[PDB]
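Asks: Just passing along the structure, written as structure tokens.
Here the Cβ positions follow ideal geometry from the backbone for every residue, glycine too, while neighbour counts run over all protein chains shown. No value in this document is a laboratory result; all are computed from the given coordinates.
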Amino acid sequence: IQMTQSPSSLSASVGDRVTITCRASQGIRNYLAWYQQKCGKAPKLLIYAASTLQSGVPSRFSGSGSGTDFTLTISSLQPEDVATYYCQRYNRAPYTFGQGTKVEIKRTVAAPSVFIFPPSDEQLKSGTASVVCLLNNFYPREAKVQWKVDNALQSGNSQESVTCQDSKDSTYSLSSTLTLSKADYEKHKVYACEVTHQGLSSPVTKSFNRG
Amino acid sequence: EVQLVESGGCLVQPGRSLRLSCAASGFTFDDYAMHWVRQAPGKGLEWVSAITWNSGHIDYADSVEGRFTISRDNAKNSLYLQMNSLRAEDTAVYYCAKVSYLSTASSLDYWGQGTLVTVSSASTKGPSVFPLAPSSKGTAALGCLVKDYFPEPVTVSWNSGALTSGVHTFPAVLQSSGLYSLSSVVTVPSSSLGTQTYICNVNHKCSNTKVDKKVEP
């Protein structure tokens, strides 16, 4: 009663062939389905019977194996194949799902659009003041965002978010959110994020001066 | 067009017990085994429970034995999961799923969209919505800030859903306070900025609140 997908992650480029495996600890036989789950959506059945393919699912998803070692192949990665993939046994309970396998499409570098937002007067009436810096459509996913109030480089008081890679063009968007209380924000003037990214020849600093 | 709608679960206290429902339609309910599969926020799928069409056999996972109970009311085309002794770590999205064929040794070919259950003693709070108005910083960007609410989730649409191109609604991120915070932003043609009205519609189901902020330069 146990199934091991391998590997955990994999970033492939478009056109590539991508192989995920799934190792059953008992003898599932033909009794294995493969599931695709796109970001923030339910899962979809791609493959069942280890090797049959659900209607309208593209020929490019193809799985195989029998009994104990199984293997899903995506013969030509498209941009919409960035999902997470799961295997599952269904001979008899427990109908166990595999550990998962996240797959990220790998495009050329793309620098990010950068915006910045001082705190609403709406929010200052409520005591706290958060500044939001936006990173709009980029790859690769990593980027160093650095806050600086009066050039004093802030630490420990900002939190990032990041969207899933786009199914169309495989780009991320990030938001860092600096969070001060009206009293801290009201002392300083020079408020800035500055963004380093691989797609950037030199760092960017969008900034504003009020507070 | 087969569809499975889950409901019932929002916020629930540890030790206590909540009951998830899954009315189904668009196929003969009497025929297919049903499952419950759950996904822990930021974790894999996990198989919870299973039941034959005539409620005549049943299985649970070890994670679940002794606390949950699957059940089904074929007459009211509906599938239940009584969840007792809820632990903090039961917090997950809970899906029901029809079986491919007239057999239990069969895959899951339609999934509901799944209700989020959160297990916590903390109390529910609707969110403060704040405007991220467009200033200096060809195109320009504006958005909303959905601050300090609990539990997950909120839904943000723009201009009642008519606006969709170029919208980022970020994953909520939990704060020191223990409340979630959120940003939803759009890229817009700046040309329109003085003529076009942009409104974000936030809607926090678990606190009955719903707000419609209008963003202005």
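Asks: So in the range B:167-201, with the set limited to residues that are part of a strand (DSSP E or B) and more than 11 Å from chain A (Cβ to nearest Cβ), which one is farthest from B:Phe150 (Cα to Cα)? Quick ask: steps written out before the conclusion?
Replies: From the range B:167-201, those part of a strand (DSSP E or B) are B:167-169, B:173-174, B:180-189, B:198-201; that's our starting set.
Checking the rest, the ones that are also more than 11 Å from chain A (Cβ to nearest Cβ) come to B:188-189, B:198-201.
Numbers: B:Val188: 30, B:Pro189: 34, B:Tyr198: 26, B:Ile199: 23, B:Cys200: 19, B:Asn201: 17 Å.
The qualifying residue farthest from B:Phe150 (Cα to Cα) is B:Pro189.
Asks: Shifting gears a bit: Among the residues of the range B:33-79 satisfying the criterion of being assigned to a strand (DSSP E or B) and of a type in the set (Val, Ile, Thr), which is nearest to B:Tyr101 (Cα to Cα)?
Replies: Our first condition is that a residue be assigned to a strand (DSSP E or B); within the range B:33-79, this holds for B:34-39, B:45-51, B:58-60, B:68-73, B:78-79.
Those left that are additionally of a type in the set (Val, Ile, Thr): B:37, B:48, B:51, B:58, B:69-70.
Numbers: B:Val37: 18, B:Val48: 20, B:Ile51: 14, B:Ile58: 17, B:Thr69: 23, B:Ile70: 20 Å.
Among them, the one singled out is B:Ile51.
Asks: Can you tell me how many residues in the range A:78-133 are over 17 Å from A:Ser6 (Cα atoms) and outside any loop (DSSP other than H, G, I, E, B)? Break it down into steps so the answer makes sense when it comes.
Replies: First, the residues of the range A:78-133 that are over 17 Å from A:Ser6 (Cα atoms): A:78-81, A:90-95, A:105-133.
Then keep just the ones that are outside any loop (DSSP other than H, G, I, E, B); that gives A:79-81, A:105, A:110, A:114-117, A:121-124, A:128-133.
Summing the residues that are over 17 Å from A:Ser6 (Cα atoms) and outside any loop (DSSP other than H, G, I, E, B) in the range A:78-133 gives 19.
Asks: Residues that are over 27 Å from A:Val204 (Cα atoms) and within 11 Å of chain B (Cβ to nearest Cβ): does the range A:126-148 have at least one?
Replies: Let us first name the residues in the range A:126-148 that are over 27 Å from A:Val204 (Cα atoms), namely A:126-127.
Retained after the next criterion (residues that are within 11 Å of chain B (Cβ to nearest Cβ)): A:126-127.
Within the range A:126-148 (the criterion being over 27 Å from A:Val204 (Cα atoms) and within 11 Å of chain B (Cβ to nearest Cβ)), the answer is yes, since at least one residue qualifies.
Asks: Name the residue that is surrounded by the most Cβ atoms within 10 Å (Cβ to Cβ), counting only residues in the range A:107-123 that are of a type outside the set (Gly, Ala, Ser), out of contact with any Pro (no Cβ under 9 Å at 6 or more places or on another chain) and more than 10 Å from chain B (Cβ to nearest Cβ).
Replies: A:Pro112
Asks: Which of the numbered conditions does B:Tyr149 fail, given that it passes all the others? Conditions: (1) aromatic (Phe, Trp, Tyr); (2) in contact with a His (Cβ under 7 Å, 6 or more places away or on another chain); (3) within 8 Å of chain A (Cβ to nearest Cβ).
Replies: Every condition holds for B:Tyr149 apart from (3).
Asks: Can you give me the number of residues within the range A:53-70 that are over 24 Å from the mean Cα position of the chain (by Cα) and part of a loop (DSSP other than H, G, I, E, B)?
Replies: The number of residues fulfilling the criteria is 5.
So that you can scan it fast, the table gives a plain yes or no per residue for (1) among the hydrophobic types (A, V, I, L, M, F, W, C); (2) within 10 Å of chain B (Cβ to nearest Cβ); (3) under 27 Å from B:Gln3 (Cα atoms):
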residue: A:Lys38; (1), (2), (3): no, no, yes
residue: A:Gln54; (1), (2), (3): no, yes, yes
residue: A:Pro58; (1), (2), (3): no, no, yes
residue: A:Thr71; (1), (2), (3): no, no, no
residue: A:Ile74; (1), (2), (3): yes, no, no
residue: A:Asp81; (1), (2), (3): no, no, yes
residue: A:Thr84; (1), (2), (3): no, yes, yes
residue: A:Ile105; (1), (2), (3): yes, no, no
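Asks: Going through the range B:29-49 one residue at a time, which ones are away from chain A (no Cβ under 14 Å) and under 16 Å from the mean Cα position of the chain (by Cα)?
Replies: Pass one, the range B:29-49, residues away from chain A (no Cβ under 14 Å): B:29-31.
None - no residue of the range B:29-49 is away from chain A (no Cβ under 14 Å) and under 16 Å from the mean Cα position of the chain (by Cα), so the list stays empty.
Asks: Still on this model: Condition test on B:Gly66, is it more than 8 Å from chain A (Cβ to nearest Cβ) and either surrounded by fewer than 22 Cβ atoms within 10 Å (Cβ to Cβ) or in contact with a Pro (Cβ under 8 Å, 6 or more places away or on another chain) (or both)?
Replies: Values: more than 8 Å from chain A (Cβ to nearest Cβ): yes; either surrounded by fewer than 22 Cβ atoms within 10 Å (Cβ to Cβ) or in contact with a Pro (Cβ under 8 Å, 6 or more places away or on another chain) (or both): yes.
Yes; evaluated as a whole, the condition is true for this residue.
Asks: Right, something else. Scan the range B:202-217 residue by residue and report those that are within 12 Å of chain A (Cβ to nearest Cβ) and part of a strand (DSSP E or B).
Replies: B:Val211, B:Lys213, B:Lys214, B:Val215
Asks: OK, next. With the checklist (1) in contact with a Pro (Cβ under 6 Å, 6 or more places away or on another chain); (2) crowded, with 22+ Cβ neighbours inside 10 Å in hand, flag the one item B:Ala140 doesn't pass.
Replies: Among (1) in contact with a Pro (Cβ under 6 Å, 6 or more places away or on another chain); (2) crowded, with 22+ Cβ neighbours inside 10 Å, the lone unmet condition for B:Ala140 is (2).
Asks: Still on this structure, I have one more. Which residues, taken from the range A:176-198, are surrounded by 15 or more Cβ atoms within 10 Å (Cβ to Cβ), of a type in the set (S, T, N, Q) and over 15 Å from A:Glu142 (Cβ atoms)?
Replies: A:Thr177, A:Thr179
Asks: Of the residues B:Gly26, B:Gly9, only one is more than 14 Å from chain A (Cβ to nearest Cβ) and either buried (at least 17 other Cβ atoms within 10 Å of the Cβ) or of a type in the set (S, T, N, Q) (or both); which? Let's see the steps before the verdict.
Replies: Numbers: B:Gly26 fails: either buried (at least 17 other Cβ atoms within 10 Å of the Cβ) or of a type in the set (S, T, N, Q) (or both).
Answer to the selection: B:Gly9.
Asks: Kindly indicate whether B:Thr139 is away from every other protein chain (no Cβ under 14 Å) and β-branched (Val, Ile, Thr). Explain how you work it out, then say what you get.
Replies: Values: away from every other protein chain (no Cβ under 14 Å): no; β-branched (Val, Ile, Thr): yes.
So B:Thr139 fails the test.
Asks: Name the residue that is farthest from B:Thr169 (Cα to Cα), counting only residues in the range A:20-51 that are among the hydroxyl-bearing types (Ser, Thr, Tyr) and surrounded by 15 or more Cβ atoms within 10 Å (Cβ to Cβ). Can you show your working first?
Replies: First, the residues of the range A:20-51 that are among the hydroxyl-bearing types (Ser, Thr, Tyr): A:21, A:25, A:31, A:35, A:48, A:51.
Within this subset, residues satisfying the condition of being surrounded by 15 or more Cβ atoms within 10 Å (Cβ to Cβ) are A:21, A:31, A:35, A:48, A:51.
On the way: A:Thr21: 33, A:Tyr31: 39, A:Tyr35: 26, A:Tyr48: 34, A:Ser51: 37 Å.
Checking each candidate, the answer is A:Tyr31.
Rundown of residues vs (1) over 28 Å from A:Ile116 (Cβ atoms); (2) in contact with a strand residue (DSSP E or B) (Cβ under 6 Å, 6 or more places away or on another chain); (3) buried (at least 18 other Cβ atoms within 10 Å of the Cβ); (4) of a type outside the set (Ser, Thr, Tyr), yes/no style:
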site	(1), (2), (3), (4)
B:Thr115	yes, yes, yes, no
B:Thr124	yes, yes, no, no
B:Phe130	no, yes, yes, yes
B:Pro134	no, yes, yes, yes
B:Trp158	no, yes, yes, yes
B:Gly166	no, yes, no, yes
